[PDB]
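Listing of work-v4.cif, mmCIF, N, CA and C atoms
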```cif
data_upload
loop_
_atom_site.label_atom_id
_atom_site.label_comp_id
_atom_site.auth_asym_id
_atom_site.auth_seq_id
_atom_site.Cartn_x
_atom_site.Cartn_y
_atom_site.Cartn_z
N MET A 1 103.61 27.77 122.65
CA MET A 1 103.09 26.41 122.50
C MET A 1 104.29 25.53 122.11
N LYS A 2 104.10 24.24 121.86
CA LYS A 2 105.17 23.42 121.33
C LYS A 2 104.63 22.19 120.61
N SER A 3 104.83 22.13 119.32
CA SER A 3 104.44 20.95 118.57
C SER A 3 105.69 20.08 118.29
N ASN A 4 106.59 20.58 117.47
CA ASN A 4 107.84 19.89 117.16
C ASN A 4 108.99 20.75 117.66
N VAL A 5 109.65 20.30 118.67
CA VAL A 5 110.67 21.10 119.29
C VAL A 5 112.06 20.69 118.86
N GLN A 6 112.58 21.41 117.91
CA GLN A 6 113.95 21.21 117.46
C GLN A 6 114.87 21.95 118.41
N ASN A 7 115.29 21.24 119.45
CA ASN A 7 116.15 21.75 120.54
C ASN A 7 115.38 22.74 121.41
N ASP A 8 115.08 23.88 120.84
CA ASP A 8 114.37 24.95 121.51
C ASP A 8 113.55 25.71 120.51
N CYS A 9 114.15 26.76 119.92
CA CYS A 9 113.47 27.60 118.96
C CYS A 9 112.30 28.30 119.62
N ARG A 10 112.63 29.13 120.58
CA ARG A 10 111.65 29.85 121.35
C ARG A 10 112.29 30.99 122.10
N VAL A 11 111.60 32.09 122.18
CA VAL A 11 112.07 33.26 122.88
C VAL A 11 110.91 33.95 123.58
N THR A 12 111.09 34.28 124.80
CA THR A 12 110.10 34.99 125.53
C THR A 12 110.41 36.48 125.43
N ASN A 13 109.61 37.21 124.69
CA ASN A 13 109.84 38.64 124.55
C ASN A 13 109.34 39.35 125.78
N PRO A 14 110.25 39.96 126.57
CA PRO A 14 109.90 40.64 127.83
C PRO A 14 108.95 41.81 127.62
N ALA A 15 108.96 42.37 126.41
CA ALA A 15 108.11 43.49 126.08
C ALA A 15 106.66 43.03 125.86
N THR A 16 106.49 41.80 125.43
CA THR A 16 105.16 41.29 125.19
C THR A 16 104.68 40.47 126.40
N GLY A 17 105.56 39.64 126.92
CA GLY A 17 105.20 38.76 128.01
C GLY A 17 104.73 37.43 127.46
N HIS A 18 104.84 37.29 126.16
CA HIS A 18 104.42 36.09 125.46
C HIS A 18 105.65 35.38 124.95
N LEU A 19 105.66 34.09 125.07
CA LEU A 19 106.75 33.31 124.57
C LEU A 19 106.47 32.98 123.12
N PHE A 20 107.38 33.33 122.28
CA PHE A 20 107.24 33.06 120.88
C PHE A 20 107.95 31.78 120.58
N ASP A 21 107.27 30.86 119.96
CA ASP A 21 107.86 29.62 119.56
C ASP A 21 107.56 29.43 118.11
N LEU A 22 108.35 28.67 117.45
CA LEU A 22 108.06 28.33 116.08
C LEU A 22 108.09 26.83 115.96
N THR A 23 107.86 26.20 117.08
CA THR A 23 107.90 24.77 117.18
C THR A 23 106.56 24.19 116.76
N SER A 24 105.53 24.96 116.98
CA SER A 24 104.20 24.59 116.65
C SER A 24 103.98 24.59 115.13
N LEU A 25 104.68 25.46 114.44
CA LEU A 25 104.48 25.62 113.02
C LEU A 25 105.46 24.78 112.21
N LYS A 26 106.54 24.35 112.83
CA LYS A 26 107.55 23.60 112.10
C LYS A 26 107.15 22.17 111.88
N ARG A 27 107.56 21.67 110.77
CA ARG A 27 107.32 20.34 110.38
C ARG A 27 108.60 19.84 109.77
N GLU A 28 108.83 18.55 109.78
CA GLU A 28 110.11 17.98 109.38
C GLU A 28 110.47 18.24 107.92
N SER A 29 109.48 18.24 107.06
CA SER A 29 109.73 18.44 105.65
C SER A 29 110.13 19.90 105.36
N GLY A 30 109.20 20.81 105.55
CA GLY A 30 109.44 22.21 105.31
C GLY A 30 108.18 22.87 104.84
N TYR A 31 108.24 24.14 104.58
CA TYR A 31 107.09 24.88 104.12
C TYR A 31 107.42 25.39 102.73
N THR A 32 106.41 25.73 101.98
CA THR A 32 106.59 26.04 100.61
C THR A 32 105.82 27.26 100.19
N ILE A 33 106.51 28.03 99.42
CA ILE A 33 106.04 29.24 98.82
C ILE A 33 106.73 29.46 97.47
N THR A 34 106.46 30.55 96.81
CA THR A 34 107.06 30.87 95.54
C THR A 34 108.00 32.09 95.70
N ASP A 35 109.08 32.11 94.94
CA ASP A 35 110.07 33.19 94.97
C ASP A 35 109.66 34.30 94.02
N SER A 36 110.40 35.38 94.05
CA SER A 36 110.21 36.57 93.26
C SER A 36 109.97 36.25 91.77
N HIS A 37 110.68 35.27 91.23
CA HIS A 37 110.46 34.90 89.85
C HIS A 37 110.63 33.40 89.66
N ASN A 38 109.49 32.72 89.45
CA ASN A 38 109.40 31.27 89.09
C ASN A 38 109.67 30.33 90.24
N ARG A 39 110.84 30.50 90.78
CA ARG A 39 111.43 29.65 91.82
C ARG A 39 110.49 29.32 92.97
N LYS A 40 110.78 28.25 93.63
CA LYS A 40 110.02 27.82 94.77
C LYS A 40 110.84 28.04 96.02
N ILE A 41 110.31 28.78 96.94
CA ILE A 41 110.99 28.97 98.19
C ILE A 41 110.61 27.83 99.09
N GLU A 42 111.56 27.00 99.37
CA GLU A 42 111.35 25.87 100.19
C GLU A 42 112.17 26.06 101.44
N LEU A 43 111.51 26.42 102.50
CA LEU A 43 112.20 26.73 103.72
C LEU A 43 111.44 26.21 104.89
N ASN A 44 112.09 26.05 105.98
CA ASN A 44 111.43 25.59 107.17
C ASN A 44 111.42 26.75 108.16
N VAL A 45 110.29 26.93 108.85
CA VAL A 45 110.00 28.09 109.72
C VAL A 45 111.05 28.34 110.83
N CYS A 46 111.83 27.31 111.16
CA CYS A 46 112.84 27.40 112.22
C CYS A 46 113.49 26.02 112.40
N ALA A 47 113.61 25.30 111.34
CA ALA A 47 114.18 23.99 111.40
C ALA A 47 114.86 23.70 110.11
N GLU A 48 115.44 22.57 110.00
CA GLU A 48 116.12 22.17 108.81
C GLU A 48 115.15 21.60 107.79
N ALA A 49 115.51 21.69 106.54
CA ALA A 49 114.68 21.21 105.47
C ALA A 49 114.92 19.74 105.25
N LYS A 50 113.87 19.01 104.95
CA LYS A 50 113.99 17.60 104.70
C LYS A 50 114.35 17.36 103.24
N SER A 51 113.49 17.81 102.36
CA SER A 51 113.74 17.64 100.94
C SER A 51 113.88 18.99 100.24
N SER A 52 113.52 20.05 100.95
CA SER A 52 113.51 21.40 100.41
C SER A 52 114.89 21.84 99.90
N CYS A 53 115.93 21.27 100.46
CA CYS A 53 117.25 21.58 100.01
C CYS A 53 118.11 20.34 100.20
N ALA A 54 118.55 20.10 101.42
CA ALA A 54 119.29 18.90 101.73
C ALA A 54 119.08 18.56 103.20
N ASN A 55 119.95 19.05 104.06
CA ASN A 55 119.78 18.88 105.47
C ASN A 55 119.76 20.19 106.23
N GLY A 56 120.95 20.70 106.51
CA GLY A 56 121.14 21.87 107.37
C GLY A 56 120.68 23.21 106.80
N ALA A 57 120.31 23.24 105.55
CA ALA A 57 119.79 24.46 104.96
C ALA A 57 118.36 24.66 105.42
N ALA A 58 118.09 25.80 106.02
CA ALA A 58 116.75 26.09 106.50
C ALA A 58 115.97 26.79 105.43
N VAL A 59 116.60 27.75 104.79
CA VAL A 59 115.97 28.48 103.72
C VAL A 59 116.67 28.11 102.44
N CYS A 60 115.96 27.53 101.53
CA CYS A 60 116.55 27.17 100.29
C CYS A 60 115.66 27.63 99.15
N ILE A 61 116.24 28.33 98.23
CA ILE A 61 115.52 28.85 97.11
C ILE A 61 115.66 27.84 95.99
N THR A 62 114.60 27.16 95.68
CA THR A 62 114.66 26.13 94.69
C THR A 62 114.31 26.70 93.32
N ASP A 63 115.32 26.89 92.52
CA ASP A 63 115.16 27.36 91.17
C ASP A 63 115.09 26.15 90.29
N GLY A 64 113.89 25.77 89.92
CA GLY A 64 113.70 24.56 89.16
C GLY A 64 114.09 23.36 89.99
N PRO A 65 115.11 22.60 89.58
CA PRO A 65 115.64 21.51 90.37
C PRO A 65 116.95 21.92 91.09
N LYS A 66 117.27 23.19 91.05
CA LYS A 66 118.51 23.69 91.61
C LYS A 66 118.25 24.42 92.92
N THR A 67 118.67 23.82 93.99
CA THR A 67 118.50 24.37 95.31
C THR A 67 119.61 25.39 95.64
N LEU A 68 119.20 26.61 95.92
CA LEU A 68 120.09 27.68 96.29
C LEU A 68 119.99 27.92 97.80
N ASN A 69 121.02 27.53 98.53
CA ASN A 69 121.07 27.72 99.98
C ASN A 69 121.08 29.21 100.32
N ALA A 70 119.98 29.68 100.85
CA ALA A 70 119.85 31.07 101.20
C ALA A 70 120.32 31.31 102.62
N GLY A 71 120.13 30.33 103.47
CA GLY A 71 120.55 30.46 104.84
C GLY A 71 120.56 29.14 105.55
N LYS A 72 121.49 28.98 106.46
CA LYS A 72 121.61 27.77 107.24
C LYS A 72 120.52 27.76 108.30
N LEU A 73 120.30 26.62 108.89
CA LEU A 73 119.37 26.50 109.98
C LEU A 73 119.77 27.38 111.14
N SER A 74 118.95 28.36 111.39
CA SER A 74 119.11 29.22 112.49
C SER A 74 117.84 29.17 113.31
N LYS A 75 117.89 28.45 114.41
CA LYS A 75 116.75 28.27 115.29
C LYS A 75 116.82 29.28 116.44
N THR A 76 117.47 30.40 116.17
CA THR A 76 117.61 31.48 117.10
C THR A 76 116.59 32.58 116.74
N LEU A 77 115.69 32.84 117.65
CA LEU A 77 114.66 33.79 117.47
C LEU A 77 115.06 35.10 118.10
N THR A 78 114.80 36.19 117.41
CA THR A 78 115.10 37.50 117.93
C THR A 78 113.82 38.31 117.88
N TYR A 79 113.74 39.37 118.62
CA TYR A 79 112.58 40.21 118.60
C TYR A 79 112.95 41.61 118.17
N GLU A 80 112.15 42.19 117.29
CA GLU A 80 112.36 43.54 116.79
C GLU A 80 111.09 44.08 116.19
N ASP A 81 110.77 45.33 116.55
CA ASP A 81 109.60 46.08 116.03
C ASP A 81 108.27 45.32 116.16
N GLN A 82 108.20 44.51 117.23
CA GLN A 82 107.03 43.68 117.60
C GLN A 82 106.84 42.50 116.66
N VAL A 83 107.81 42.27 115.83
CA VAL A 83 107.80 41.18 114.89
C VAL A 83 108.91 40.20 115.30
N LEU A 84 108.72 38.94 115.01
CA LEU A 84 109.71 37.94 115.34
C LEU A 84 110.71 37.87 114.20
N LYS A 85 111.98 37.93 114.51
CA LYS A 85 113.00 37.95 113.46
C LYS A 85 113.93 36.78 113.58
N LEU A 86 114.09 36.05 112.52
CA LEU A 86 115.09 35.01 112.46
C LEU A 86 115.99 35.29 111.30
N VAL A 87 117.26 35.23 111.54
CA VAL A 87 118.24 35.53 110.53
C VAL A 87 118.89 34.26 110.00
N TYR A 88 118.51 33.89 108.81
CA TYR A 88 119.08 32.73 108.19
C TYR A 88 120.14 33.20 107.24
N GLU A 89 121.33 33.21 107.71
CA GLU A 89 122.44 33.61 106.94
C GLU A 89 123.33 32.43 106.74
N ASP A 90 124.52 32.66 106.22
CA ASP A 90 125.51 31.61 105.98
C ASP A 90 124.98 30.62 104.96
N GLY A 91 125.05 31.03 103.74
CA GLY A 91 124.55 30.24 102.67
C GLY A 91 125.45 30.37 101.49
N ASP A 92 124.92 30.10 100.32
CA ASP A 92 125.69 30.15 99.09
C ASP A 92 126.08 31.59 98.75
N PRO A 93 127.39 31.86 98.63
CA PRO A 93 127.88 33.18 98.26
C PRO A 93 127.46 33.51 96.85
N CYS A 94 126.83 34.63 96.70
CA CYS A 94 126.30 35.06 95.44
C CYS A 94 127.42 35.64 94.58
N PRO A 95 127.28 35.63 93.25
CA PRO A 95 128.28 36.21 92.34
C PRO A 95 128.27 37.74 92.40
N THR A 96 127.21 38.27 92.98
CA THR A 96 127.06 39.68 93.16
C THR A 96 127.99 40.17 94.28
N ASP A 97 128.07 39.40 95.34
CA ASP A 97 128.97 39.72 96.45
C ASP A 97 129.43 38.42 97.06
N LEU A 98 130.65 38.10 96.80
CA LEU A 98 131.21 36.79 97.15
C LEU A 98 131.92 36.91 98.46
N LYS A 99 132.01 38.11 98.91
CA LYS A 99 132.79 38.45 100.04
C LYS A 99 131.97 38.38 101.32
N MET A 100 130.69 38.09 101.16
CA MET A 100 129.81 37.91 102.23
C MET A 100 128.89 36.80 101.83
N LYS A 101 128.02 36.49 102.68
CA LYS A 101 127.10 35.42 102.47
C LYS A 101 125.70 35.95 102.33
N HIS A 102 124.82 35.09 101.86
CA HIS A 102 123.43 35.42 101.67
C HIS A 102 122.81 35.77 103.03
N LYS A 103 122.12 36.88 103.09
CA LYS A 103 121.51 37.33 104.33
C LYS A 103 120.00 37.27 104.19
N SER A 104 119.39 36.25 104.74
CA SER A 104 117.98 36.10 104.63
C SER A 104 117.30 36.39 105.97
N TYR A 105 116.53 37.45 106.00
CA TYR A 105 115.84 37.90 107.18
C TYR A 105 114.39 37.49 107.09
N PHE A 106 113.96 36.69 108.01
CA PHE A 106 112.61 36.26 108.00
C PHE A 106 111.87 36.95 109.13
N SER A 107 110.81 37.61 108.78
CA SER A 107 110.01 38.33 109.71
C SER A 107 108.70 37.59 109.94
N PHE A 108 108.51 37.16 111.14
CA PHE A 108 107.33 36.44 111.50
C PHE A 108 106.37 37.40 112.16
N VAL A 109 105.30 37.64 111.49
CA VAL A 109 104.31 38.60 111.89
C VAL A 109 102.97 37.91 112.18
N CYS A 110 102.38 38.29 113.26
CA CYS A 110 101.15 37.73 113.74
C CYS A 110 99.93 38.33 113.06
N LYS A 111 99.04 37.47 112.61
CA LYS A 111 97.82 37.89 111.96
C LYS A 111 96.72 37.04 112.55
N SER A 112 95.55 37.61 112.74
CA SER A 112 94.42 36.92 113.35
C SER A 112 93.99 35.64 112.58
N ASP A 113 93.96 35.71 111.27
CA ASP A 113 93.58 34.54 110.45
C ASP A 113 94.82 33.78 109.97
N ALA A 114 95.89 34.53 109.65
CA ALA A 114 97.19 34.00 109.19
C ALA A 114 97.13 33.31 107.81
N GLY A 115 96.00 33.42 107.13
CA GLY A 115 95.86 32.82 105.84
C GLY A 115 95.58 31.34 105.91
N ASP A 116 95.91 30.65 104.85
CA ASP A 116 95.67 29.25 104.72
C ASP A 116 96.80 28.48 105.33
N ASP A 117 96.67 28.35 106.61
CA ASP A 117 97.58 27.61 107.50
C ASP A 117 98.90 28.32 107.62
N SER A 118 98.84 29.49 108.26
CA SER A 118 99.99 30.35 108.49
C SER A 118 100.85 30.50 107.23
N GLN A 119 100.40 31.30 106.31
CA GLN A 119 101.11 31.45 105.07
C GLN A 119 102.02 32.68 105.05
N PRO A 120 103.19 32.54 104.44
CA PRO A 120 104.14 33.61 104.27
C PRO A 120 104.05 34.29 102.90
N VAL A 121 104.65 35.45 102.82
CA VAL A 121 104.73 36.22 101.60
C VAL A 121 106.19 36.59 101.41
N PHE A 122 106.69 36.50 100.19
CA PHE A 122 108.03 36.97 99.95
C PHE A 122 107.97 38.48 99.94
N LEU A 123 108.66 39.08 100.85
CA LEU A 123 108.61 40.50 101.02
C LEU A 123 109.42 41.15 99.94
N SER A 124 110.70 40.89 99.97
CA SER A 124 111.62 41.41 98.99
C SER A 124 112.85 40.51 98.92
N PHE A 125 113.25 40.17 97.74
CA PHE A 125 114.46 39.43 97.53
C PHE A 125 115.38 40.37 96.80
N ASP A 126 116.48 40.69 97.39
CA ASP A 126 117.39 41.63 96.79
C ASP A 126 118.67 40.95 96.45
N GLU A 127 118.80 40.48 95.22
CA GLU A 127 120.04 39.84 94.79
C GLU A 127 121.17 40.86 94.70
N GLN A 128 120.80 42.14 94.58
CA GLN A 128 121.74 43.26 94.54
C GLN A 128 122.65 43.25 95.78
N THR A 129 122.07 42.94 96.92
CA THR A 129 122.82 42.89 98.14
C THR A 129 122.72 41.48 98.76
N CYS A 130 122.21 40.54 97.95
CA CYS A 130 122.11 39.11 98.28
C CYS A 130 121.31 38.85 99.57
N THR A 131 120.39 39.73 99.84
CA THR A 131 119.55 39.62 100.98
C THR A 131 118.18 39.12 100.56
N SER A 132 117.45 38.68 101.50
CA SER A 132 116.13 38.21 101.29
C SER A 132 115.33 38.55 102.51
N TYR A 133 114.16 39.06 102.31
CA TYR A 133 113.28 39.42 103.38
C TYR A 133 111.97 38.75 103.11
N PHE A 134 111.47 38.02 104.06
CA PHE A 134 110.20 37.35 103.90
C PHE A 134 109.36 37.60 105.13
N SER A 135 108.07 37.66 104.96
CA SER A 135 107.17 37.90 106.07
C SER A 135 106.16 36.76 106.19
N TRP A 136 106.18 36.08 107.32
CA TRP A 136 105.33 34.94 107.56
C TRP A 136 104.21 35.36 108.48
N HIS A 137 102.99 35.08 108.11
CA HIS A 137 101.87 35.40 108.97
C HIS A 137 101.52 34.18 109.82
N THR A 138 101.86 34.25 111.09
CA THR A 138 101.65 33.16 112.02
C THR A 138 101.27 33.70 113.41
N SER A 139 100.51 32.92 114.16
CA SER A 139 100.00 33.31 115.45
C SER A 139 101.06 33.18 116.57
N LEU A 140 102.07 32.36 116.34
CA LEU A 140 103.09 32.10 117.37
C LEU A 140 104.19 33.17 117.33
N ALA A 141 104.22 33.88 116.22
CA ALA A 141 105.23 34.89 115.92
C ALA A 141 105.28 36.05 116.91
N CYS A 142 104.19 36.72 117.08
CA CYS A 142 104.13 37.86 117.95
C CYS A 142 102.77 37.98 118.55
N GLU A 143 102.55 39.02 119.33
CA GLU A 143 101.27 39.25 119.89
C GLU A 143 101.08 40.72 120.22
N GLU A 144 100.85 41.50 119.18
CA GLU A 144 100.47 42.89 119.36
C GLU A 144 98.95 42.99 119.20
N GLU A 145 98.44 42.04 118.47
CA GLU A 145 97.05 41.84 118.19
C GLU A 145 96.81 40.40 118.44
N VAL A 146 95.59 40.05 118.69
CA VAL A 146 95.24 38.66 118.96
C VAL A 146 95.20 37.86 117.65
N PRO A 147 96.19 36.99 117.44
CA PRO A 147 96.30 36.18 116.24
C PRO A 147 95.67 34.81 116.44
N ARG A 148 94.99 34.67 117.55
CA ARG A 148 94.39 33.45 117.94
C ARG A 148 92.92 33.51 117.62
#
```
Just give me the structure of the file as structure tokens.
Amino acid sequence: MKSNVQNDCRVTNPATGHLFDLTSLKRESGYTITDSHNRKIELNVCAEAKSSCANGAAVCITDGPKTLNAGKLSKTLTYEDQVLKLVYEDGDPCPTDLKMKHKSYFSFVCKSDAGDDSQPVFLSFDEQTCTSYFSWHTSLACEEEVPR
């Protein structure tokens, strides 16, 4: 489908035959959830954040009033294990490992109901390796089951 098309942000998975887009779910501001502890995960499904961080940060972990860039805008969709994968990397280097950047893997998984307007869950945030894994339940993500 296509609601807000930031350039593209779509991949046709040859294994499914369905085109996965995240244009339908993206909105200019961003989406909101809560982090592992207190913090607000303010990220956009495949676009840049409006107020969630600043501009080019797609995934930003808002600790109070302090925005932690978890990953830059990566509107590149990949497919793996029947789940839609977007890798939002290139962010604020953590004190745990300064020699690499924050690796935030977002897994977009299709669910028939998808919750209260395609809601995500923080899967695991591993500051130990400065990675973040989140799972978003959305109908545009994949199609192993009918999420419509």
Give me the residues within 8 Å of range 19-24 of chain A as a PDB file with N, CA and C atoms, in the coordinates of the input, counting only N, CA and C atoms and dropping any in the same chain fewer than 5 places off.
```pdb
ATOM      1  N   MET A   1     103.610  27.770 122.650  1.00  0.00           N
ATOM      2  CA  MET A   1     103.090  26.410 122.500  1.00  0.00           C
ATOM      3  C   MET A   1     104.290  25.530 122.110  1.00  0.00           C
ATOM      4  N   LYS A   2     104.100  24.240 121.860  1.00  0.00           N
ATOM      5  CA  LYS A   2     105.170  23.420 121.330  1.00  0.00           C
ATOM      6  C   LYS A   2     104.630  22.190 120.610  1.00  0.00           C
ATOM      7  N   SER A   3     104.830  22.130 119.320  1.00  0.00           N
ATOM      8  CA  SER A   3     104.440  20.950 118.570  1.00  0.00           C
ATOM      9  C   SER A   3     105.690  20.080 118.290  1.00  0.00           C
ATOM     10  N   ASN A   4     106.590  20.580 117.470  1.00  0.00           N
ATOM     11  CA  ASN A   4     107.840  19.890 117.160  1.00  0.00           C
ATOM     12  C   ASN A   4     108.990  20.750 117.660  1.00  0.00           C
ATOM     13  N   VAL A   5     109.650  20.300 118.670  1.00  0.00           N
ATOM     14  CA  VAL A   5     110.670  21.100 119.290  1.00  0.00           C
ATOM     15  C   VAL A   5     112.060  20.690 118.860  1.00  0.00           C
ATOM     16  N   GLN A   6     112.580  21.410 117.910  1.00  0.00           N
ATOM     17  CA  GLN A   6     113.950  21.210 117.460  1.00  0.00           C
ATOM     18  C   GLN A   6     114.870  21.950 118.410  1.00  0.00           C
ATOM     19  N   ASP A   8     115.080  23.880 120.840  1.00  0.00           N
ATOM     20  CA  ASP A   8     114.370  24.950 121.510  1.00  0.00           C
ATOM     21  C   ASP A   8     113.550  25.710 120.510  1.00  0.00           C
ATOM     22  N   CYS A   9     114.150  26.760 119.920  1.00  0.00           N
ATOM     23  CA  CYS A   9     113.470  27.600 118.960  1.00  0.00           C
ATOM     24  C   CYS A   9     112.300  28.300 119.620  1.00  0.00           C
ATOM     25  N   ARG A  10     112.630  29.130 120.580  1.00  0.00           N
ATOM     26  CA  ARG A  10     111.650  29.850 121.350  1.00  0.00           C
ATOM     27  C   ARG A  10     112.290  30.990 122.100  1.00  0.00           C
ATOM     28  N   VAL A  11     111.600  32.090 122.180  1.00  0.00           N
ATOM     29  CA  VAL A  11     112.070  33.260 122.880  1.00  0.00           C
ATOM     30  C   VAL A  11     110.910  33.950 123.580  1.00  0.00           C
ATOM     31  N   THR A  12     111.090  34.280 124.800  1.00  0.00           N
ATOM     32  CA  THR A  12     110.100  34.990 125.530  1.00  0.00           C
ATOM     33  C   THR A  12     110.410  36.480 125.430  1.00  0.00           C
ATOM     34  N   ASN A  13     109.610  37.210 124.690  1.00  0.00           N
ATOM     35  CA  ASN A  13     109.840  38.640 124.550  1.00  0.00           C
ATOM     36  C   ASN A  13     109.340  39.350 125.780  1.00  0.00           C
ATOM     37  N   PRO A  14     110.250  39.960 126.570  1.00  0.00           N
ATOM     38  CA  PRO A  14     109.900  40.640 127.830  1.00  0.00           C
ATOM     39  C   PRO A  14     108.950  41.810 127.620  1.00  0.00           C
ATOM     40  N   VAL A  45     110.290  26.930 108.850  1.00  0.00           N
ATOM     41  CA  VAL A  45     110.000  28.090 109.720  1.00  0.00           C
ATOM     42  C   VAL A  45     111.050  28.340 110.830  1.00  0.00           C
ATOM     43  N   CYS A  46     111.830  27.310 111.160  1.00  0.00           N
ATOM     44  CA  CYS A  46     112.840  27.400 112.220  1.00  0.00           C
ATOM     45  C   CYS A  46     113.490  26.020 112.400  1.00  0.00           C
ATOM     46  N   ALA A  47     113.610  25.300 111.340  1.00  0.00           N
ATOM     47  CA  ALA A  47     114.180  23.990 111.400  1.00  0.00           C
ATOM     48  C   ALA A  47     114.860  23.700 110.110  1.00  0.00           C
ATOM     49  N   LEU A  77     115.690  32.840 117.650  1.00  0.00           N
ATOM     50  CA  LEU A  77     114.660  33.790 117.470  1.00  0.00           C
ATOM     51  C   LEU A  77     115.060  35.100 118.100  1.00  0.00           C
ATOM     52  N   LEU A  84     108.720  38.940 115.010  1.00  0.00           N
ATOM     53  CA  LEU A  84     109.710  37.940 115.340  1.00  0.00           C
ATOM     54  C   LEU A  84     110.710  37.870 114.200  1.00  0.00           C
ATOM     55  N   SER A 139     100.510  32.920 114.160  1.00  0.00           N
ATOM     56  CA  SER A 139     100.000  33.310 115.450  1.00  0.00           C
ATOM     57  C   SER A 139     101.060  33.180 116.570  1.00  0.00           C
ATOM     58  N   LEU A 140     102.070  32.360 116.340  1.00  0.00           N
ATOM     59  CA  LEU A 140     103.090  32.100 117.370  1.00  0.00           C
ATOM     60  C   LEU A 140     104.190  33.170 117.330  1.00  0.00           C
ATOM     61  N   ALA A 141     104.220  33.880 116.220  1.00  0.00           N
ATOM     62  CA  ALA A 141     105.230  34.890 115.920  1.00  0.00           C
ATOM     63  C   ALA A 141     105.280  36.050 116.910  1.00  0.00           C
ATOM     64  N   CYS A 142     104.190  36.720 117.080  1.00  0.00           N
ATOM     65  CA  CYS A 142     104.130  37.860 117.950  1.00  0.00           C
ATOM     66  C   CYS A 142     102.770  37.980 118.550  1.00  0.00           C
ATOM     67  N   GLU A 143     102.550  39.020 119.330  1.00  0.00           N
ATOM     68  CA  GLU A 143     101.270  39.250 119.890  1.00  0.00           C
ATOM     69  C   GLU A 143     101.080  40.720 120.220  1.00  0.00           C
TER      70      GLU A 143
END
```
Under the PyMOL selection byres ((chain A and resi 96) around 8), which residues of this model are included? Write them out as a list in words. residues 93, 94, 95, 97, 98, 99, 100, 127, 128, 129 and 130 of chain A
Among A:135, A:36, A:118, A:29, residue 53 in chain A is approached most closely, using only N, CA and C atoms, by A:29
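The spacing separating CA of residue 30 in chain A from CA of residue 60 in chain A amounts to 10.0 Å.
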Evaluate the PyMOL selection byres (((chain A and resi 40 and name CA) around 8) and name CA) and report residues as number ranges by chain: A: 32-35, 38-39, 41-42, 61-64
Name every residue that the PyMOL selection byres (((chain A and resi 133 and name CA) around 7) and name CA) selects in this structure, writing the answer as a ChimeraX atom specification with chains first and numbers rising. /A:104-106,122-125,131-132,134-135
Could you tell me which of A:85, A:114, A:51, A:101 comes closest to residue 71 in chain A if we count only C-alpha atoms?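 Among the listed residues, A:101 lies closest to residue 71 in chain A.
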Please identify which residues in range 27-81 of chain A DSSP calls strand (DSSP E or B) from the backbone, and express them as a PyMOL selection string. chain A and resi 31-34+40-43+57-63+66-72+78-80
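Across the structure, CA of residue 115 in chain A and CA of residue 57 in chain A are spaced 25.4 Å apart.
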Could you work out how far CA of residue 15 in chain A lies from CA of residue 120 in chain A, giving the answer in Å with one decimal? 24.3 Å
Using only N, CA and C atoms, determine which residues lie at most 8 Å from residue 145 in chain A, disregarding the query and same-chain residues fewer than 6 positions distant; provide the list as a compact mmCIF listing (two decimals) with N, CA and C atoms, keeping the file's coordinate frame.
```txt
# COMPACT_ATOMS: atom_id res chain seq x y z
N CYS A 110 102.38 38.29 113.26
CA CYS A 110 101.15 37.73 113.74
C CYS A 110 99.93 38.33 113.06
N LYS A 111 99.04 37.47 112.61
CA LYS A 111 97.82 37.89 111.96
C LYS A 111 96.72 37.04 112.55
N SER A 112 95.55 37.61 112.74
CA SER A 112 94.42 36.92 113.35
C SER A 112 93.99 35.64 112.58
```
When you get a chance, write out N, CA, C and O atoms for range 95-102 of chain A, as a tab-separated table (two decimals), in the frame of the given file.
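Output file selection_23.tsv is given in full below:
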```tsv
chain	number	residue	atom	x	y	z
A	95	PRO	N	127.28	35.63	93.25
A	95	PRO	CA	128.28	36.21	92.34
A	95	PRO	C	128.27	37.74	92.40
A	95	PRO	O	129.19	38.41	91.93
A	96	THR	N	127.21	38.27	92.98
A	96	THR	CA	127.06	39.68	93.16
A	96	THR	C	127.99	40.17	94.28
A	96	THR	O	128.66	41.20	94.14
A	97	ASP	N	128.07	39.40	95.34
A	97	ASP	CA	128.97	39.72	96.45
A	97	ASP	C	129.43	38.42	97.06
A	97	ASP	O	128.69	37.73	97.74
A	98	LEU	N	130.65	38.10	96.80
A	98	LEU	CA	131.21	36.79	97.15
A	98	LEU	C	131.92	36.91	98.46
A	98	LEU	O	132.38	35.93	99.03
A	99	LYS	N	132.01	38.11	98.91
A	99	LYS	CA	132.79	38.45	100.04
A	99	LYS	C	131.97	38.38	101.32
A	99	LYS	O	132.49	38.54	102.43
A	100	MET	N	130.69	38.09	101.16
A	100	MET	CA	129.81	37.91	102.23
A	100	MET	C	128.89	36.80	101.83
A	100	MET	O	129.01	36.24	100.74
A	101	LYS	N	128.02	36.49	102.68
A	101	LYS	CA	127.10	35.42	102.47
A	101	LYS	C	125.70	35.95	102.33
A	101	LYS	O	125.43	37.11	102.64
A	102	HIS	N	124.82	35.09	101.86
A	102	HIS	CA	123.43	35.42	101.67
A	102	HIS	C	122.81	35.77	103.03
A	102	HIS	O	123.01	35.06	104.01
```
